[PDB]
């Protein structure tokens, strides 16, 4: 069902930033996205995006009450710290976006 899409499309990069913004458990800092590696899509009820991207610790402390954004939450260092896959469910005609899954592994080539 999954159709490959162009991972340089900024619409897909912004969905990856949305996904990282939802991940707070066990952290002091938000992660942020370094690179979107892969995007696949499927239409089931809504429009679903399966994103694979690298992350690293951002400079944004979660408990400061800061809103996550790509601009503010820059990487502390340019080092890959995780490779993550996240599925996002959307209903474009209702402006709904929901992270269904988010899982990461450590980079095996650092």
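Positions refer to the first chain, counted from 1.
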Worksheet item: Looking only at CA atoms, which has the higher mean B factor in the entry: 66-74 or 37-45?
Response: 66-74
Discussion item. When the Cα temperature factors in the entry are averaged, is it 95-103 or 15-23 that ends up higher?
Written reply: 95-103
Item to complete: Consider only the C-alpha atoms of the modelled residues in this chain, order them by B-factor as the entry records it, and name the third containing residue 58: lowest, middle or highest.
Response: middle
Response to the item:
So, residue 90's CA B-factor, relative to its chain, sits in which third? The middle
